[PDB]
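K.L.:
Compact mmCIF, N, CA and C atoms and all ligand atoms, file structure_16.txt:
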```
# COMPACT_ATOMS: atom_id res chain seq x y z
N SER A 1 -36.66 -90.60 -9.09
CA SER A 1 -36.48 -91.36 -7.82
C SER A 1 -37.86 -91.65 -7.22
N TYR A 2 -38.63 -92.58 -7.82
CA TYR A 2 -40.10 -92.71 -7.57
C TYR A 2 -40.40 -93.92 -6.66
N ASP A 3 -39.47 -94.32 -5.80
CA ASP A 3 -39.71 -95.40 -4.81
C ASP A 3 -40.58 -94.88 -3.66
N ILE A 4 -41.82 -95.37 -3.59
CA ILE A 4 -42.85 -94.96 -2.59
C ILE A 4 -42.41 -95.41 -1.19
N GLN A 5 -41.59 -96.46 -1.08
CA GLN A 5 -41.18 -97.02 0.25
C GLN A 5 -39.86 -96.48 0.77
N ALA A 6 -39.11 -95.69 -0.02
CA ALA A 6 -37.71 -95.33 0.32
C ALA A 6 -37.63 -94.48 1.61
N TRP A 7 -38.69 -93.73 1.91
CA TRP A 7 -38.68 -92.82 3.08
C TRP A 7 -38.34 -93.57 4.36
N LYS A 8 -38.72 -94.85 4.46
CA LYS A 8 -38.61 -95.55 5.76
C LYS A 8 -37.15 -95.69 6.17
N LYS A 9 -36.32 -96.25 5.30
CA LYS A 9 -34.87 -96.39 5.61
C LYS A 9 -34.21 -95.01 5.69
N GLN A 10 -34.66 -94.04 4.89
CA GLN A 10 -34.08 -92.69 5.00
C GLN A 10 -34.38 -92.10 6.40
N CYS A 11 -35.57 -92.35 6.96
CA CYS A 11 -35.90 -91.92 8.33
C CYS A 11 -35.13 -92.74 9.36
N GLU A 12 -34.92 -94.02 9.17
CA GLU A 12 -34.08 -94.80 10.10
C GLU A 12 -32.67 -94.22 10.16
N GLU A 13 -32.10 -93.90 8.99
CA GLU A 13 -30.74 -93.30 8.83
C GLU A 13 -30.70 -91.97 9.60
N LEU A 14 -31.70 -91.10 9.39
CA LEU A 14 -31.72 -89.76 10.05
C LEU A 14 -31.88 -89.93 11.58
N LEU A 15 -32.68 -90.87 12.05
CA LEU A 15 -32.79 -91.13 13.50
C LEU A 15 -31.46 -91.63 14.04
N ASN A 16 -30.75 -92.46 13.31
CA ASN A 16 -29.38 -92.86 13.73
C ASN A 16 -28.50 -91.60 13.91
N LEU A 17 -28.50 -90.69 12.97
CA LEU A 17 -27.67 -89.46 13.06
C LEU A 17 -28.12 -88.66 14.28
N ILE A 18 -29.43 -88.58 14.56
CA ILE A 18 -29.93 -87.81 15.72
C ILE A 18 -29.47 -88.46 17.01
N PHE A 19 -29.55 -89.78 17.12
CA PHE A 19 -28.96 -90.49 18.30
C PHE A 19 -27.43 -90.28 18.51
N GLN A 20 -26.63 -89.98 17.48
CA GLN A 20 -25.18 -89.70 17.70
C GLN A 20 -25.01 -88.27 18.25
N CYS A 21 -25.90 -87.34 17.88
CA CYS A 21 -25.86 -85.92 18.31
C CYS A 21 -25.90 -85.85 19.84
N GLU A 22 -24.91 -85.20 20.46
CA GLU A 22 -25.02 -84.90 21.92
C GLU A 22 -26.30 -84.11 22.26
N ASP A 23 -26.74 -83.25 21.34
CA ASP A 23 -27.95 -82.41 21.57
C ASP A 23 -29.21 -83.28 21.72
N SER A 24 -29.21 -84.53 21.26
CA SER A 24 -30.42 -85.36 21.42
C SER A 24 -30.61 -85.96 22.80
N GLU A 25 -29.56 -85.99 23.62
CA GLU A 25 -29.59 -86.91 24.79
C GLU A 25 -30.82 -86.64 25.67
N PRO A 26 -31.26 -85.38 25.92
CA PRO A 26 -32.45 -85.15 26.75
C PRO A 26 -33.79 -85.62 26.15
N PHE A 27 -33.79 -85.86 24.84
CA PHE A 27 -35.02 -86.13 24.05
C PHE A 27 -35.13 -87.61 23.69
N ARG A 28 -34.21 -88.46 24.16
CA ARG A 28 -34.12 -89.87 23.68
C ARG A 28 -35.23 -90.69 24.35
N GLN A 29 -35.47 -90.45 25.63
CA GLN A 29 -36.39 -91.27 26.45
C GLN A 29 -37.47 -90.34 27.00
N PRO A 30 -38.65 -90.87 27.37
CA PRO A 30 -39.73 -90.02 27.88
C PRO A 30 -39.27 -89.24 29.12
N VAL A 31 -39.68 -87.98 29.22
CA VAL A 31 -39.39 -87.09 30.39
C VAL A 31 -39.79 -87.83 31.67
N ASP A 32 -38.95 -87.74 32.69
CA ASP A 32 -39.16 -88.32 34.04
C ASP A 32 -39.95 -87.33 34.90
N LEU A 33 -41.15 -87.72 35.34
CA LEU A 33 -42.04 -86.89 36.20
C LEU A 33 -41.41 -86.69 37.58
N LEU A 34 -40.59 -87.63 38.03
CA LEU A 34 -39.96 -87.54 39.37
C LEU A 34 -39.17 -86.23 39.41
N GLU A 35 -38.34 -85.98 38.39
CA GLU A 35 -37.45 -84.80 38.31
C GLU A 35 -38.27 -83.55 37.92
N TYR A 36 -39.28 -83.72 37.07
CA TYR A 36 -40.12 -82.62 36.52
C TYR A 36 -41.57 -82.87 36.90
N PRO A 37 -41.96 -82.69 38.19
CA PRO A 37 -43.26 -83.19 38.66
C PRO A 37 -44.46 -82.41 38.08
N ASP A 38 -44.23 -81.20 37.56
CA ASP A 38 -45.31 -80.42 36.90
C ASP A 38 -45.35 -80.71 35.39
N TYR A 39 -44.53 -81.61 34.85
CA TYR A 39 -44.39 -81.74 33.38
C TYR A 39 -45.76 -81.97 32.73
N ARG A 40 -46.54 -82.95 33.24
CA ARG A 40 -47.83 -83.38 32.63
C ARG A 40 -48.98 -82.42 32.94
N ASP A 41 -48.77 -81.38 33.75
CA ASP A 41 -49.74 -80.26 33.88
C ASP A 41 -49.69 -79.41 32.60
N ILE A 42 -48.50 -79.29 32.01
CA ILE A 42 -48.17 -78.42 30.84
C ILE A 42 -48.30 -79.23 29.53
N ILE A 43 -47.76 -80.45 29.51
CA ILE A 43 -47.61 -81.30 28.28
C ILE A 43 -48.68 -82.40 28.26
N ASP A 44 -49.64 -82.27 27.33
CA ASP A 44 -50.73 -83.24 27.12
C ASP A 44 -50.21 -84.48 26.41
N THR A 45 -49.31 -84.30 25.44
CA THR A 45 -48.90 -85.47 24.64
C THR A 45 -47.37 -85.60 24.68
N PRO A 46 -46.79 -86.33 25.62
CA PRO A 46 -45.33 -86.56 25.64
C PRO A 46 -44.87 -87.24 24.34
N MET A 47 -43.64 -86.90 23.92
CA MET A 47 -43.04 -87.60 22.76
C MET A 47 -41.51 -87.59 22.94
N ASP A 48 -40.86 -88.61 22.41
CA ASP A 48 -39.38 -88.72 22.49
C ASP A 48 -38.89 -89.53 21.29
N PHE A 49 -37.58 -89.53 21.02
CA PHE A 49 -37.03 -90.18 19.82
C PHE A 49 -37.08 -91.70 19.89
N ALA A 50 -37.02 -92.31 21.09
CA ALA A 50 -37.18 -93.77 21.19
C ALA A 50 -38.60 -94.18 20.78
N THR A 51 -39.57 -93.42 21.19
CA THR A 51 -40.97 -93.70 20.78
C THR A 51 -41.10 -93.56 19.27
N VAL A 52 -40.54 -92.51 18.69
CA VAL A 52 -40.56 -92.37 17.20
C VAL A 52 -39.90 -93.57 16.52
N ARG A 53 -38.72 -93.97 16.94
CA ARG A 53 -38.03 -95.11 16.33
C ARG A 53 -38.84 -96.40 16.46
N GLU A 54 -39.42 -96.64 17.63
CA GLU A 54 -40.22 -97.88 17.84
C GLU A 54 -41.49 -97.84 16.98
N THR A 55 -42.14 -96.68 16.84
CA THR A 55 -43.36 -96.57 16.00
C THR A 55 -42.97 -96.88 14.55
N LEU A 56 -41.84 -96.35 14.07
CA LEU A 56 -41.36 -96.63 12.71
C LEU A 56 -41.10 -98.12 12.53
N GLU A 57 -40.32 -98.71 13.44
CA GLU A 57 -39.91 -100.15 13.34
C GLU A 57 -41.12 -101.08 13.46
N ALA A 58 -42.14 -100.69 14.20
CA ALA A 58 -43.38 -101.51 14.32
C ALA A 58 -44.19 -101.51 13.02
N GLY A 59 -43.87 -100.59 12.06
CA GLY A 59 -44.73 -100.41 10.89
C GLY A 59 -45.98 -99.67 11.20
N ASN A 60 -45.91 -98.68 12.08
CA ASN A 60 -47.07 -97.91 12.52
C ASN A 60 -47.05 -96.44 12.06
N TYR A 61 -46.11 -96.09 11.16
CA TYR A 61 -46.20 -94.84 10.36
C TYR A 61 -46.59 -95.24 8.93
N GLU A 62 -47.56 -94.53 8.36
CA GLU A 62 -47.90 -94.76 6.93
C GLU A 62 -47.13 -93.83 6.00
N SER A 63 -46.54 -92.74 6.48
CA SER A 63 -45.85 -91.75 5.65
C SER A 63 -44.81 -91.03 6.47
N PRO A 64 -43.84 -90.41 5.80
CA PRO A 64 -42.89 -89.59 6.54
C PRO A 64 -43.51 -88.33 7.12
N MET A 65 -44.64 -87.87 6.61
CA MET A 65 -45.34 -86.71 7.20
C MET A 65 -45.76 -87.06 8.63
N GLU A 66 -46.25 -88.28 8.89
CA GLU A 66 -46.65 -88.66 10.24
C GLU A 66 -45.45 -88.68 11.18
N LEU A 67 -44.34 -89.25 10.75
CA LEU A 67 -43.10 -89.25 11.56
C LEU A 67 -42.70 -87.81 11.87
N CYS A 68 -42.74 -86.95 10.86
CA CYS A 68 -42.35 -85.52 10.99
C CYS A 68 -43.25 -84.83 12.03
N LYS A 69 -44.55 -85.14 12.07
CA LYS A 69 -45.43 -84.53 13.05
C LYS A 69 -44.97 -84.94 14.46
N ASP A 70 -44.68 -86.20 14.68
CA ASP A 70 -44.23 -86.61 16.03
C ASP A 70 -42.89 -85.99 16.43
N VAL A 71 -41.93 -85.90 15.49
CA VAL A 71 -40.63 -85.25 15.84
C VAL A 71 -40.87 -83.78 16.16
N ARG A 72 -41.71 -83.10 15.37
CA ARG A 72 -42.01 -81.69 15.65
C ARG A 72 -42.67 -81.54 17.02
N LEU A 73 -43.44 -82.52 17.47
CA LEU A 73 -44.05 -82.51 18.83
C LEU A 73 -42.97 -82.57 19.92
N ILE A 74 -41.89 -83.32 19.69
CA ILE A 74 -40.77 -83.32 20.69
C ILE A 74 -40.33 -81.86 20.88
N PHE A 75 -40.16 -81.14 19.79
CA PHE A 75 -39.60 -79.77 19.86
C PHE A 75 -40.64 -78.80 20.41
N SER A 76 -41.92 -78.91 20.02
CA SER A 76 -42.93 -77.99 20.57
C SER A 76 -43.13 -78.25 22.06
N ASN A 77 -43.03 -79.49 22.50
CA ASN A 77 -43.11 -79.77 23.96
C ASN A 77 -41.96 -79.07 24.66
N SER A 78 -40.73 -79.14 24.14
CA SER A 78 -39.59 -78.48 24.83
C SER A 78 -39.87 -76.97 24.92
N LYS A 79 -40.41 -76.37 23.87
CA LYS A 79 -40.79 -74.93 23.87
C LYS A 79 -41.90 -74.68 24.91
N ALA A 80 -42.93 -75.53 24.94
CA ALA A 80 -44.05 -75.37 25.89
C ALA A 80 -43.54 -75.46 27.33
N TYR A 81 -42.48 -76.22 27.60
CA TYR A 81 -42.05 -76.46 28.99
C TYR A 81 -40.93 -75.51 29.43
N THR A 82 -40.09 -75.02 28.54
CA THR A 82 -38.91 -74.24 28.99
C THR A 82 -39.44 -73.16 29.93
N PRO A 83 -38.83 -72.99 31.13
CA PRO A 83 -39.16 -71.86 31.98
C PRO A 83 -38.57 -70.57 31.39
N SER A 84 -37.66 -70.72 30.42
CA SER A 84 -36.88 -69.61 29.81
C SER A 84 -36.46 -69.99 28.38
N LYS A 85 -36.46 -69.02 27.47
CA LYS A 85 -35.97 -69.19 26.08
C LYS A 85 -34.45 -69.42 26.08
N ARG A 86 -33.76 -69.13 27.20
CA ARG A 86 -32.29 -69.26 27.38
C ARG A 86 -31.93 -70.51 28.20
N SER A 87 -32.86 -71.44 28.39
CA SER A 87 -32.55 -72.72 29.06
C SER A 87 -31.60 -73.53 28.17
N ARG A 88 -30.67 -74.23 28.80
CA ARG A 88 -29.77 -75.21 28.17
C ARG A 88 -30.57 -76.15 27.27
N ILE A 89 -31.53 -76.88 27.85
CA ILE A 89 -32.24 -78.00 27.15
C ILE A 89 -33.07 -77.43 25.98
N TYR A 90 -33.84 -76.36 26.17
CA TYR A 90 -34.50 -75.74 25.03
C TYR A 90 -33.50 -75.34 23.96
N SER A 91 -32.34 -74.81 24.36
CA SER A 91 -31.30 -74.38 23.39
C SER A 91 -30.83 -75.60 22.56
N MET A 92 -30.69 -76.76 23.19
CA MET A 92 -30.29 -78.01 22.52
C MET A 92 -31.42 -78.38 21.54
N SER A 93 -32.67 -78.21 21.94
CA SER A 93 -33.81 -78.55 21.05
C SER A 93 -33.76 -77.71 19.79
N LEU A 94 -33.38 -76.44 19.88
CA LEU A 94 -33.41 -75.57 18.69
C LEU A 94 -32.35 -76.01 17.68
N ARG A 95 -31.14 -76.35 18.17
CA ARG A 95 -30.10 -76.85 17.25
C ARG A 95 -30.55 -78.16 16.62
N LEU A 96 -31.09 -79.07 17.43
CA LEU A 96 -31.48 -80.37 16.90
C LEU A 96 -32.63 -80.25 15.90
N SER A 97 -33.55 -79.33 16.12
CA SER A 97 -34.67 -79.06 15.19
C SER A 97 -34.10 -78.56 13.87
N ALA A 98 -33.16 -77.62 13.88
CA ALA A 98 -32.56 -77.11 12.63
C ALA A 98 -31.94 -78.24 11.84
N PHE A 99 -31.20 -79.11 12.53
CA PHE A 99 -30.56 -80.29 11.88
C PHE A 99 -31.64 -81.19 11.26
N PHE A 100 -32.67 -81.54 12.06
CA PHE A 100 -33.77 -82.39 11.57
C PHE A 100 -34.43 -81.82 10.32
N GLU A 101 -34.78 -80.56 10.39
CA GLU A 101 -35.50 -79.91 9.29
C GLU A 101 -34.65 -79.87 8.02
N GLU A 102 -33.34 -79.63 8.17
CA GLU A 102 -32.41 -79.60 7.02
C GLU A 102 -32.42 -80.94 6.31
N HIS A 103 -32.52 -82.02 7.04
CA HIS A 103 -32.40 -83.40 6.49
C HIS A 103 -33.76 -83.98 6.08
N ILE A 104 -34.85 -83.66 6.76
CA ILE A 104 -36.16 -84.26 6.42
C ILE A 104 -36.76 -83.67 5.13
N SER A 105 -36.38 -82.45 4.73
CA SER A 105 -37.04 -81.79 3.56
C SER A 105 -36.93 -82.66 2.29
N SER A 106 -35.79 -83.27 1.99
CA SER A 106 -35.66 -84.09 0.77
C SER A 106 -36.46 -85.39 0.93
N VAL A 107 -36.51 -85.94 2.13
CA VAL A 107 -37.29 -87.17 2.38
C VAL A 107 -38.75 -86.91 2.05
N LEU A 108 -39.29 -85.79 2.53
CA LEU A 108 -40.70 -85.44 2.26
C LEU A 108 -40.90 -85.17 0.79
N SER A 109 -40.06 -84.36 0.17
CA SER A 109 -40.23 -84.02 -1.27
C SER A 109 -40.19 -85.28 -2.12
N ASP A 110 -39.24 -86.17 -1.87
CA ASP A 110 -39.12 -87.39 -2.69
C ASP A 110 -40.33 -88.29 -2.52
N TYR A 111 -40.84 -88.44 -1.30
CA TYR A 111 -42.02 -89.26 -1.05
C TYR A 111 -43.19 -88.69 -1.81
N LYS A 112 -43.40 -87.37 -1.69
CA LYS A 112 -44.61 -86.77 -2.29
C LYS A 112 -44.54 -86.87 -3.82
N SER A 113 -43.35 -86.67 -4.36
CA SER A 113 -43.08 -86.82 -5.81
C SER A 113 -43.43 -88.26 -6.25
N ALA A 114 -43.00 -89.26 -5.48
CA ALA A 114 -43.24 -90.69 -5.79
C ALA A 114 -44.71 -90.96 -5.78
N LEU A 115 -45.49 -90.44 -4.86
CA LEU A 115 -46.93 -90.67 -4.84
C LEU A 115 -47.56 -90.02 -6.04
N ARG A 116 -47.10 -88.81 -6.39
CA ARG A 116 -47.70 -88.16 -7.56
C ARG A 116 -47.40 -89.01 -8.81
N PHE A 117 -46.18 -89.53 -8.95
CA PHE A 117 -45.85 -90.36 -10.13
C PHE A 117 -46.72 -91.62 -10.18
N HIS A 118 -46.98 -92.20 -9.01
CA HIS A 118 -47.87 -93.39 -8.93
C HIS A 118 -49.26 -93.10 -9.49
N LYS A 119 -49.77 -91.88 -9.27
CA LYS A 119 -51.14 -91.45 -9.66
C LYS A 119 -51.13 -90.70 -11.01
N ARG A 120 -50.02 -90.70 -11.74
CA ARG A 120 -49.85 -89.87 -12.97
C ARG A 120 -50.91 -90.17 -14.06
N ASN A 121 -51.38 -91.41 -14.15
CA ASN A 121 -52.36 -91.88 -15.17
C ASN A 121 -53.70 -92.16 -14.47
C1 LIG B 1 -33.36 -93.40 32.76
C2 LIG B 1 -32.80 -92.44 31.73
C3 LIG B 1 -31.57 -92.67 31.15
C4 LIG B 1 -31.05 -91.80 30.21
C5 LIG B 1 -31.77 -90.68 29.83
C6 LIG B 1 -33.01 -90.45 30.40
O1 LIG B 1 -33.73 -89.35 30.02
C7 LIG B 1 -33.12 -88.07 30.23
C8 LIG B 1 -34.15 -87.15 30.82
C9 LIG B 1 -35.23 -86.78 29.83
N1 LIG B 1 -35.22 -85.35 29.52
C10 LIG B 1 -35.77 -84.47 30.30
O2 LIG B 1 -35.89 -84.69 31.51
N2 LIG B 1 -36.23 -83.34 29.74
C11 LIG B 1 -36.32 -83.14 28.29
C12 LIG B 1 -37.59 -82.40 27.89
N3 LIG B 1 -37.66 -81.16 28.67
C13 LIG B 1 -37.50 -79.98 28.07
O3 LIG B 1 -37.58 -79.96 26.85
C14 LIG B 1 -37.08 -78.75 28.71
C15 LIG B 1 -37.12 -77.49 28.25
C16 LIG B 1 -36.52 -76.67 29.21
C17 LIG B 1 -36.15 -77.47 30.21
BR1 LIG B 1 -35.29 -77.11 31.81
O4 LIG B 1 -36.47 -78.77 29.94
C18 LIG B 1 -37.80 -81.45 30.10
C19 LIG B 1 -36.55 -82.17 30.57
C20 LIG B 1 -33.53 -91.32 31.34
```
What do you get writing this file as C-alpha cells?
Ligand SMILES: Cc1cccc(OCCCNC(=O)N2CCN(C(=O)c3ccc(Br)o3)CC2)c1

P.N.:
Amino acid sequence: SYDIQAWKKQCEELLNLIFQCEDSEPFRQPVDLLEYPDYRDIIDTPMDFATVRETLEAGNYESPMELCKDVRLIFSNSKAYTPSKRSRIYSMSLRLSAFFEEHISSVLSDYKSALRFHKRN
C-alpha cells in the first residue's frame, strides 16, 4: 500500500469521525477568551479541530506527522488548562485522544512505509 498521498483523505475521513463525536464539541472552534479570560496566560499556542481541517484543506500540511503534532497540541492545551484532572472538558479530551491515537497509527505507519518504498533504490 505505497501511495505517498493517501494520508490526506484518510485524515479528512478521521476528522469527519471526530466532528460526529459529542466529545469533540469543546475542541471544534478556538477557545473564547471572554468565558476563559486567563486562557492565553497559560496557553501560548491555541489549537482546535477547525484550524486543523482548514490547514489540511489549504494544502499546508506536508505529512500526517505535522497534522498529528497539531491534534496532540489540542489535547496538551486541555491538560495545561484543566483546573482539575476530574474536569468534564479535560475528561472529554482524554476519550477523544484515545480515539484519535487508535485511528492515526495506521495512517502514520502506511505513510512512512510508502516513503521508504519510494527511496528503496
Ligand atoms: C461560537 C461558538 C459556537 C460553538 C462552539 C464554540 O466553542 C465552544 C467553546 C470552546 N471550548 C472551550 O471553551 N474550551 C475548550 C478548551 N478548554 C479546555 O480544554 C479545558 C480543560 C478544562 C476546562 Br474547564 O477547560 C477550555 C474550554 C464557540

K.L.:
Take atom N of residue A:68 and atom CA of residue A:115 and report the distance between them in Å, one decimal.

P.N.:
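Taking atom N of residue A:68 and atom CA of residue A:115, their separation equals 16.7 Å.
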
K.L.:
Could you give me, as a Markdown table, a per-residue list for chain A showing, wherever an atom lies at most 5 Å from an atom of ligand LIG 1 (chain B), the closest pair of atoms and their distance in Å to one decimal, using all atoms listed in the file and sorting by chain then residue number from low to high?

P.N.:
```
| residue | atom | partner | partner_atom | distance |
| --- | --- | --- | --- | --- |
| A:26 | C | B:LIG1 | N1 | 3.7 |
| A:27 | N | B:LIG1 | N1 | 4.9 |
| A:29 | CA | B:LIG1 | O1 | 4.8 |
| A:30 | C | B:LIG1 | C9 | 4.8 |
| A:31 | CA | B:LIG1 | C9 | 4.2 |
| A:32 | N | B:LIG1 | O2 | 4.5 |
| A:77 | C | B:LIG1 | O3 | 5.0 |
| A:78 | CA | B:LIG1 | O3 | 3.2 |
| A:81 | C | B:LIG1 | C15 | 4.5 |
| A:82 | CA | B:LIG1 | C16 | 3.4 |
| A:83 | N | B:LIG1 | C16 | 4.8 |
| A:89 | C | B:LIG1 | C15 | 4.6 |
| A:90 | N | B:LIG1 | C15 | 4.0 |
```

K.L.:
Grab the atom N of residue A:79 to atom C of residue A:20 distance for me, in Å with one decimal place.

P.N.:
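Between these atoms lies a distance of 20.3 Å.
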
K.L.:
Please define a box with edges along x, y and z of the file around all atoms of stretch 9-23 of chain A given in the file, extend it by 4 Å on each side, and return its centre and edge lengths in Å to one decimal, as AutoDock Vina command-line options.

P.N.:
```
--center_x -30.6 --center_y -89.4 --center_z 13.6 --size_x 19.4 --size_y 22.0 --size_z 25.4
```

K.L.:
Quick one: distance from atom CA of residue A:87 to atom N of residue A:51 in Å, one decimal?

P.N.:
23.2 Å

K.L.:
Counting only C-alpha atoms, figure out which residue out of A:60, A:106, A:76, A:93 gets nearest to residue A:42.

P.N.:
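Looking at the shortest contact to residue A:42, the residue is A:76.
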
K.L.:
May I have the residues at most 8 Å from (-44.5, -88.9, 17.5) in the file's coordinates, counting all atoms listed in the file, as a list in words?

P.N.:
residues 46, 47, 48, 49, 51, 52, 53, 55, 66, 67, 68, 69, 70, 71, 72, 73 and 74 of chain A

K.L.:
If you count all atoms listed in the file, which residues fall within 8 Å of residue A:6, apart from same-chain ones fewer than 3 positions away, as a PyMOL selection string?

P.N.:
chain A and resi 2-3+9-11+107+110-111

K.L.:
Using DSSP assignments from the backbone, pull out every residue in chain A that falls under helix (DSSP H, G or I) and give it to me as a VMD selection string.

P.N.:
chain A and resid 7 to 20 22 to 27 39 to 42 49 to 57 64 to 81 88 to 118

K.L.:
Which is closer to residue A:63 than all the others in A:108, A:45, A:119, A:40, using only C-alpha atoms?

P.N.:
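Closest to residue A:63 of all the choices is A:108.
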
K.L.:
Using all atoms listed in the file for the distances, tell me which of A:50, A:112, A:61, A:95 is nearest to residue A:23.

P.N.:
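The shortest atom-to-atom distance to residue A:23 comes from A:95.
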
K.L.:
Restricting the calculation to only N, CA and C atoms: of A:65, A:114, A:80, A:18, which residue gets closest to residue A:100?

P.N.:
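Closest to residue A:100 of all the choices is A:18.
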
K.L.:
Save stretch 50-107 of chain A from what I just supplied, as a compact mmCIF listing (two decimals), in the first residue's frame, atoms limited to C-alpha atoms.

P.N.:
```
# COMPACT_ATOMS: atom_id res chain seq x y z
CA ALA A 50 -11.45 23.61 12.63
CA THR A 51 -7.95 25.08 12.33
CA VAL A 52 -6.53 21.56 11.68
CA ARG A 53 -9.16 20.87 8.97
CA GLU A 54 -8.58 24.26 7.27
CA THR A 55 -4.74 23.78 7.34
CA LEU A 56 -5.22 20.34 5.70
CA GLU A 57 -7.68 21.64 3.04
CA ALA A 58 -5.40 24.63 2.23
CA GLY A 59 -2.56 22.17 1.39
CA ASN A 60 -0.47 23.46 4.29
CA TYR A 61 0.44 20.07 5.87
CA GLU A 62 3.31 18.22 4.13
CA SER A 63 2.83 14.95 6.15
CA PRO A 64 0.46 13.30 8.57
CA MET A 65 3.13 13.73 11.29
CA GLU A 66 2.56 17.53 11.11
CA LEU A 67 -1.24 17.10 11.41
CA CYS A 68 -0.66 14.70 14.35
CA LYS A 69 1.50 17.32 16.13
CA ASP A 70 -1.29 19.92 15.90
CA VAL A 71 -4.01 17.49 17.11
CA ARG A 72 -1.76 16.46 20.02
CA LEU A 73 -1.44 20.22 20.85
CA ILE A 74 -5.28 20.44 21.23
CA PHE A 75 -5.01 17.71 23.91
CA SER A 76 -1.88 19.07 25.67
CA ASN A 77 -3.54 22.52 25.86
CA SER A 78 -6.63 20.96 27.54
CA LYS A 79 -4.24 19.26 30.07
CA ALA A 80 -2.29 22.56 30.59
CA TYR A 81 -5.57 24.45 31.30
CA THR A 82 -7.72 22.00 33.33
CA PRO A 83 -8.04 23.38 36.89
CA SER A 84 -8.57 19.66 37.80
CA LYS A 85 -7.79 16.18 36.30
CA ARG A 86 -11.56 15.46 37.05
CA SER A 87 -12.93 18.36 34.92
CA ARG A 88 -15.69 17.43 32.42
CA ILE A 89 -13.87 19.03 29.41
CA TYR A 90 -10.44 17.50 30.20
CA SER A 91 -12.24 14.14 30.65
CA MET A 92 -13.76 14.56 27.12
CA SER A 93 -10.24 15.34 25.78
CA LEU A 94 -8.86 12.06 27.16
CA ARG A 95 -11.54 9.92 25.45
CA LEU A 96 -11.14 11.83 22.19
CA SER A 97 -7.32 11.48 22.34
CA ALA A 98 -7.64 7.67 22.79
CA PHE A 99 -9.96 7.51 19.75
CA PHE A 100 -7.58 9.71 17.66
CA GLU A 101 -4.49 7.72 18.57
CA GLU A 102 -6.23 4.37 17.81
CA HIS A 103 -7.06 5.60 14.27
CA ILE A 104 -3.96 7.71 13.35
CA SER A 105 -1.39 4.87 13.99
CA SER A 106 -2.13 3.06 10.65
CA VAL A 107 -2.16 6.40 8.75
```
